[PDB]
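Report on the structure given below.
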4 protein chains.
Amino acid sequence: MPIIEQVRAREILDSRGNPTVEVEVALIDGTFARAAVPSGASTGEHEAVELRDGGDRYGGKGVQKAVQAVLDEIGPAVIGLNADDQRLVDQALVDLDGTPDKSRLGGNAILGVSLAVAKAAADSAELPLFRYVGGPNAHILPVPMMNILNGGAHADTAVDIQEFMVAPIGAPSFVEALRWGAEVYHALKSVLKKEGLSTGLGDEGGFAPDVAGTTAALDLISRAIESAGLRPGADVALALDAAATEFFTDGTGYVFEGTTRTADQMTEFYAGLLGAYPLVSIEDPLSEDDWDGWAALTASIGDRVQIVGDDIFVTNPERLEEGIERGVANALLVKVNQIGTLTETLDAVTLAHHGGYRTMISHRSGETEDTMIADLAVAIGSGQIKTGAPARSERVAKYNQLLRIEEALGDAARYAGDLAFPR
Amino acid sequence: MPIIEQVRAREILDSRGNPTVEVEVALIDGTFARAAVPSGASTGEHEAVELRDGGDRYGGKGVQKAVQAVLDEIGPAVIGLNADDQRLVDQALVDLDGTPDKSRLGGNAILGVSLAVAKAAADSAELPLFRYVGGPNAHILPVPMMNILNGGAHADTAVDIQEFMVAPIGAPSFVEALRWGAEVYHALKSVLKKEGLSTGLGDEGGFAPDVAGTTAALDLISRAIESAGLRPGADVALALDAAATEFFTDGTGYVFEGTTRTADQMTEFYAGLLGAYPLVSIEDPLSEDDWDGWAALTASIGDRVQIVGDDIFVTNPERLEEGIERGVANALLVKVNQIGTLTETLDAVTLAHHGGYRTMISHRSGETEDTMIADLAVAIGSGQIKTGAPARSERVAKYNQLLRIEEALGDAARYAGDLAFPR
Amino acid sequence: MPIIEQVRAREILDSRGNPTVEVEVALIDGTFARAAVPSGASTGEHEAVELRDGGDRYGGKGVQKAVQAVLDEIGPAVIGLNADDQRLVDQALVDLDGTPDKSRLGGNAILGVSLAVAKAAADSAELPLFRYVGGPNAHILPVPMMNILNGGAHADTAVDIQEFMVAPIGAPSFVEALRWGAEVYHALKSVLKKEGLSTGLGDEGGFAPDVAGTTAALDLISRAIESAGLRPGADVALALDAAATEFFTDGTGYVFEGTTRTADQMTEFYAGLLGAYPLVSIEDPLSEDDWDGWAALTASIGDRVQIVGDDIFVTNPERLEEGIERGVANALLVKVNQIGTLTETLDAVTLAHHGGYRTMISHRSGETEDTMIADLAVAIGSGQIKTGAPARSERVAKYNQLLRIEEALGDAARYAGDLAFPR
Amino acid sequence: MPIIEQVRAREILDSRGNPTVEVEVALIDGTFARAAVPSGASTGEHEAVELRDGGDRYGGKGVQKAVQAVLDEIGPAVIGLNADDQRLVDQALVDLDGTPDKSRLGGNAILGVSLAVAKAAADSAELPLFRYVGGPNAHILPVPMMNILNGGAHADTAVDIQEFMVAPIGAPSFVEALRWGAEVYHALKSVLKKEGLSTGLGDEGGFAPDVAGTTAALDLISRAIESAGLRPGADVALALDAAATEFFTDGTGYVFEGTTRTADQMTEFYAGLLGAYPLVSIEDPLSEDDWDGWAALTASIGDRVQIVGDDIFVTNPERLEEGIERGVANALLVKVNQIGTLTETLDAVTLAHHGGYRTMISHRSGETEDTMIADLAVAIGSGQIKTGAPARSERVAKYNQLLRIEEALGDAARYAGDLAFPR
Ligand SMILES: O=C(O)[C@@H](CO)OP(=O)(O)O
Ligand SMILES: O=C(O)[C@@H](CO)OP(=O)(O)O
Ligand SMILES: O=C(O)[C@@H](CO)OP(=O)(O)O
Ligand SMILES: O=C(O)[C@@H](CO)OP(=O)(O)O
Ligand SMILES: [Mg+2]
Ligand SMILES: [Mg+2]
Ligand SMILES: [Mg+2]
Ligand SMILES: [Mg+2]
């Protein structure tokens, strides 16, 4: 019986050395499972609340309140539930909290429990996590969207764009795709060295040189792709995370590469890049509440490129539904800790998929050794994952787990390849 | 270990007294599971091949060849595979057969095995079938599309339209929805008696009166809805299965209610009905290869009503993809035995869902006591199922299994209600 | 230990879309079993009470009272009993109810429990149900008495006789017998089509044409038998269920084919049919309390044909004993829900068998996907079963279960054949 | 899995010190069971063959041939069969032997195996033997027909009648019935002492005085009944086993109480006794092949008394069927070792019960400590058992086992009482 018997939590550190929540769930059948919670830097205003202790300890970033919420409220509320009833458990967590934003117990407390319960349920059913969540049909290895040059909120440089990504769409397999990503990454290191630019890493393992702007970064990456003996576009395409909320002034506009710009001028800039570069995807080109901006931008270039809502949707079925109704974006970034339960995450994924939107499972910039999102990408057959440069094991551990899933699937595996980006 | 140890098959009878295939799978861990195969009357030209014995026995409709294919080829080919590797098993079946149409072993032999393996895998994982196939998030109880007045290939009357369906979209729950369907069905019996019309049943448990045509049938059903104290549209909407391939002459047109008509004239007829009746769905309004007809029809009325491809798509990812590319239909009828594996079925469902098409899990007109499709509707969260009148237990057994699933989900259950048909 | 741990019930639908009772029993050893209750249309006055809710819901036919009786009284009364002590459990049910007719808890509540306990006991002993109930000697596959033309209370026609049955007595095996029944059924469809008569089905899956009377129906069936290449009598004999209580006026006589007739005139009619047709069995030729009628009828023709008490005996040892003492009938129709426990059913079967009466296990006209009666026919070695046309899976599922039993018995199986009807 | 793994046999002694067969069966699940074979003195000509060694050893009565047949032929022929498939095992035994009379392996070899397999099957199903053989409905405790004054082939006296029996039909329970039998037995000892007659026991534990004839014996027994404070007839009735084949001369007649008599004169004698004594049953009043004698006798007195075929039927469905067809007897003596399998025994019981004949489970005059027939009487609900005086533990061990069965049934037990003998 996968009946929940114990729920414990502790404070651990994330990939940036900030505290975060880890939860352990034990079932009466002796199943034991552990899940850890990530933490963003460029956090949307509408994200589920991350409960922090404040005061002096860890610069105010302790999570002993979220840990005590798990031990003293959540544990007692879910012991005796069936770990297999994910939705019942998730509803109990949401009702226990009783706020819209999970501001009482914390999204970080609640998600830890949601995720450890799923894992315990999968363990108890003796199914790999991808197969428990995704069923027997879960088989698609995602294109790894690899952020190999970091800026914005992920480094201490003047680069406005947060993430410069390569996408090995042309690879025959995930195992080859990963190798292509690693070879381009190592080539970019050599390119940056030759140019006298920093190979110091940002938060997501990408090089964090202080380059002059967007096109300089994209030129350096295209050189790195060629220098690894791959063709930009056909083998390795480009993608961005502008995280434009980070450079947007409320009711004002976008302070971008030395000027304040309108949504339409930003759209002009992005349309220029499409013309000049093999870009398959642009995430948060405009700010989280710039609904008119996004609608025009999606009208203008959405037929030509994937447009990914992150801070605009925060993995929230209510915000996604508003986007679908308004013709805003054509893809959803899927972050479990933007919404705070697996159930709500899977409702948002269901709403995207049924609305003809693509899905891209995402890390946060503050990650752990947890590889859950590797299993989650295969489960939902997104065919797209965003989990870092092939550097720093909070990123690599997810790619290593995709290797193991691909290996376990055998002839059943399919690499999403260029079928991830029809445009 | 859910390793397949034995695969046996036998000849059973379907709901019309014709032979069909039943398969039993036993796993080394003592798991034992049984699945039966349905059989259509209005079968699309492009359906996976149903292997029949021919000769005198059962009027040529024996399935002893399909049974011997299971015992002598398939069993030996899949014993020692993991029942959890649904895709590997399904690929082995497809490679063993080695034809495009499953014409060597039979779609009926292959599907029996595909379905019994899924069931054994679910049993071994100690998960209800809906949850094994659908994962922990499977929770949506479908609107029952109930075919309560049967014509075309399902009765011996002059009625051209195959299926006249009621859809209790306004019900708060599946258990109430089912009751509304049953109350309307019993009301329609009384209406038909008062009118001196036959209450003899057709193949799908609907009354098979010889009514004058389409609008007469729809008037009789609207009276039955009112007479059960429900509002046509808001509580109980209408749906059709024209099965127009059955009255279509190759390269000629549609012999419909006493005249040969063009695709555009049929479109005119359907548009008229929309004007006059609370119709939410029309299946196969035009023939299986009338690609231009369907494109125009979907252009003309697809914003206003669900348009369901059955014989045009035959649950076939290659035919569905062609439809999506051409703007043909906005929904897929999902029949496991049109394509012959669970894997291929789930690929077609994935392709529809990712293309923004709706999905409706379907019975065949020749059914068994098997309730697999009840679990399959909840698993894929179609929110729509088509499994007969609430009469004849080959139909009712599926509705009884949806009751049990709803009960097992508890507060987690959601009834798809009017959220099944946004138009 | 097959100790009863839980007893739950729910409302499901029968083959006519009316509510009925389903019961689940769980034993401390993890055994879990489910049984559903049938419901008659032509119900004898002396049948155990079927508890109905009344009011608006399901036209007054809800069974939420019977479900609550299971959950709130019966469950608490039998938890901790051994499921193997069938008689103790059945006595507890009968004492808990405390009425002669089971009018307090309902025959439908009580039987659900009686049947689910037997099934749980059989599961726990790891014996097929036929072998648990019948012991190791249970091996006789019954002649399927197949009601392929429905009238009386089972259709909306002017045909007085309820059931027109074919009996493949000449078949070498149950599997061949079933095929003969199906081939005759499909032949009768073609015969009816040629004659311009309805192939709309009645409640038991038989064609429900409005034929002129008894001999017309029997002529149509004899043609169907010949047209399937079988000999009427030697291969396929005929049988009837007059259900004469349905056309009997208290203290008056029998309104039959356009005239009021005496018991003796009805006897004359039946004796005529014997002369003209290969009839092996006639059920309820006279009304449920017409004791003198039956005695004379059994005197007159009982040496020449099987005479089956249904409404006269209602599977009731007290009514059967009265019949045996008076020389009334020579066979008992065995309906579990006429009496309301398995124990009482088996007492009536024991009383018939010890009195030299034959036994015929029967469905009701309102059936479920439950196949218990298939196992019950083999268990008691009746050699006769009445479970419908080989159409509608509430009938076919029983024939499919007889196939599986025959297969499991191997060389041990015997088909009752013509040894079912010595006269 | 109740798969037969080992079959061993040994030579033991019966209640007379003659060798007989004991068989042990072990199943792969660790089930182990033992059964022993009885041996008659007044053996019918048509009995299954009892294999004896001949020569000097045990006066020619060794069974080392039957033991070696078990070890060397039967064991190898049934290892790997399911012990639950009683009929398959019994058919394998009968086919292995391959003779009509079981003259190759011996009825004693074959029955030992048949009986040990049933017991192992019951043990493996964790069901008491009565319940495994009889199903959940087995509940009737038989009237003990107690042979308390022995003559004919069971003692060395001039008394022609083999068995003088008392039947406590008036007792409320088996436990009281047994006490009544024991009290009458002890009273008869005192009566015989007062009369100067022998209290030396015969083979079946009855006193074996050399009394003048039939009426003297019956007078002595009626005195013993009164002297125990019971009423002859209403409390304790009388029964006989004439075993008339023992005093019949082929084609000649019956040498009985000092004269040769015809069947009709014997019938006259028996009719006289009915007039004078509370007799409920007479077994083998005439010889095993005197078919005309029996038919007349059954015509003459069969309405007034139970008439039991023993040597005429030898538990043989073919001989019983001949009797039923000729109106010979109205009851079958059931001796497993007259026919040599449990299956054939149960076919004969089925044939009697379906023919309206009563059934009386019987010991042989050479018994063992085996109590199988106690369980067999309850299983088949005969309501009559014949297993000796309540003296000599080869008889008492069966009565002790009926006590335990009655105790285990609790409120479910019914004592057959006077409902055993309707006449
Ligand atoms: O990308 C960003 O705008 C922020 C918010 O989505 O998150 P992270 O620091 O995890 O990238
Ligand atoms: O609906 C129809 O055209 C046919 C083909 O899809 O099938 P069935 O007889 O099962 O309805
Ligand atoms: O046959 C009939 O008279 C009735 C009563 O026995 O029952 P049913 O509707 O189940 O046939
Ligand atoms: O009663 C008898 O005639 C013989 C034969 O049936 O047997 P037993 O010695 O066992 O009584
Ligand atoms: Mg972002
Ligand atoms: Mg269709
Ligand atoms: Mg009847
Ligand atoms: Mg005898």
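Just so it is clear: chains get the letters A, B, ... in the order the sequence lines come, proteins before strands, and each one is counted from 1.
In terms of the side-chain contact (heavy atoms from CB on, under 4.5 Å) criterion, residue partners of D/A77 (sequence neighbours excluded) are, by chain and number, D/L96.
The side chain to side chain donor-acceptor pair (under 3.5 Å) with C/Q338 is formed by just one residue from the set C/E344, C/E47, C/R319; it is C/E47.
Separating the CZ atom in D/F313 from the CD1 atom in D/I324 is a distance of 7.0 Å, to the nearest 0.5 Å.
Pairing each heavy atom of C/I140 with each of C/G383, the nearest pair is CG2-CA, 4.0 Å. Of all the heavy atoms in C/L141 and C/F174, the pair that sits closest is CB-CB, 3.7 Å. D/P142 approaches D/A416 most closely through the heavy-atom pair CA-CB, 4.5 Å. Scanning both residues, C/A125 and D/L127, for their nearest heavy atoms gives CB-CD1, 4.1 Å.
Sequence neighbours left out, the pairs with a member in residues 128-142 of chain C that pass salt bridge (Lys or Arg N to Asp or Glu O under 4.0 Å) are C/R131-D/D85.
For the residue pair D/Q86 / D/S114, a side-chain donor-acceptor distance below 3.5 Å is found, with atom types taken as modelled. For the residue pair C/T368 and C/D370, no side-chain donor N or O sits within less than 3.5 Å of a side-chain acceptor on the partner. Donor-acceptor pairing under 3.5 Å is recorded for the side chains of C/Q384 and C/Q306.
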Given D/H363 and D/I373, is the side chain to side chain contact (heavy atoms under 4.5 Å, CB included) satisfied, shown in steps? CA-CA 7 Å; D/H363 67 345; D/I373 64 167; 3.9 Å; yes

